[PDB]
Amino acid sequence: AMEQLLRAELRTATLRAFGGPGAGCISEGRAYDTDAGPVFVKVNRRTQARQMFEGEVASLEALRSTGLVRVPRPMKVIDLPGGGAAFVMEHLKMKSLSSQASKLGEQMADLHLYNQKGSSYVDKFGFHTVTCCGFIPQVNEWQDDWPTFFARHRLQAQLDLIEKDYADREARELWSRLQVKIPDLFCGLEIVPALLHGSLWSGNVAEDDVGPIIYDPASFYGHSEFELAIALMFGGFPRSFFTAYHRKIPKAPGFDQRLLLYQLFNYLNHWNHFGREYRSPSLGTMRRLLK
């Protein structure tokens, strides 16, 4: 029984489920009332659910250490009898991001500038632990060169999965041509490692009366522009978010061309997750980059 396990693991006499079931695609979310305070619990039954949640915990702690963004405090990861795991975190009363969008834009810009301007400086792209893009674990092996890191551990990792799962000849051939072209989009620019949320789409951000809230991160040190790809692609972010952000971090030359590259990664990732519906966007984006 989940409720009995939750009572034992959280050492609480009271456990009352409140609200409607969480609108999660990855996991099932339920909010519980506890003596210490309200909590939110995500349940995933896959075998490696603990690894995925531990990467999410590591991401939340890295974001919390900056003190620049409001994210739920992770509390406990519990191995579930019968496989899988549960992830307990602080419950946050949340509403859709609108009035606090401009505040979030400033916080995200500060987050991306945090590493280069701090006391101890991460001079490589990657992460100390594995984080998951959706259900797919990602290699975060440290790399000195961002185009190298993005091509190997993001684009190639996704395209290898596509070849294994779908053996799509068109993706194989287009990647062969586009792979050599990637350095052209980054020449003459200084790329600094920046701590990223990792999946900053509208579904992973919210607000309360104090301000904006972000959650469900898959963090790593990367190009700050990659973070915006999620945000622009799937909509849901007010214009003031991007306006406030780019006042502190203006669009570097070649922003729109790199945006195609970063949108490509998410199309491939959605192809591996959801199937042939994302084949045409993935291939079309590669063709536009080669045109």
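We number the residues from 1 along the sequence you see.
S.K.: Highest mean C-alpha temperature factor of the two stretches 157 to 165 and 103 to 111, which is it?
M.R.: On average, C-alpha B-factors are higher across 157 to 165.
S.K.: Select between 275 to 283 and 13 to 21 the stretch whose C-alpha atoms have the higher average B-factor in the entry.
M.R.: On average, C-alpha B-factors are higher across 13 to 21.
S.K.: Using only the C-alpha B-factors in the record, can you name which of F125, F186, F150, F135 has the highest?
M.R.: The listed residue with the largest C-alpha B-factor is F135.
S.K.: Would you mind finding, among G67, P250, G37, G236, the residue with the largest C-alpha temperature factor in the entry?
M.R.: Of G67, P250, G37, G236, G37 has the highest C-alpha B-factor.
S.K.: Lowest, middle or highest third: where is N140 by Cα B-factor in its chain?
M.R.: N140: CA B-factor falls in the middle third of its chain.
S.K.: How does the C-alpha B factor of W201 compare with the rest of the chain: lowest, middle or highest third?
M.R.: Middle third, going by the recorded CA B-factors of the chain.
S.K.: Ranked by Cα temperature factor within the chain, is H223 in the lowest third, the middle third or the highest third?
M.R.: Within its chain, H223 is a lowest-third residue by C-alpha B-factor, going by the deposited values.
S.K.: Among the chain's modelled residues, which third holds the C-alpha B-factor of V180?
M.R.: Highest third, going by the recorded CA B-factors of the chain.
S.K.: How does the C-alpha B factor of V57 compare with the rest of the chain: lowest, middle or highest third?
M.R.: CA B-factor rank for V57: lowest third.
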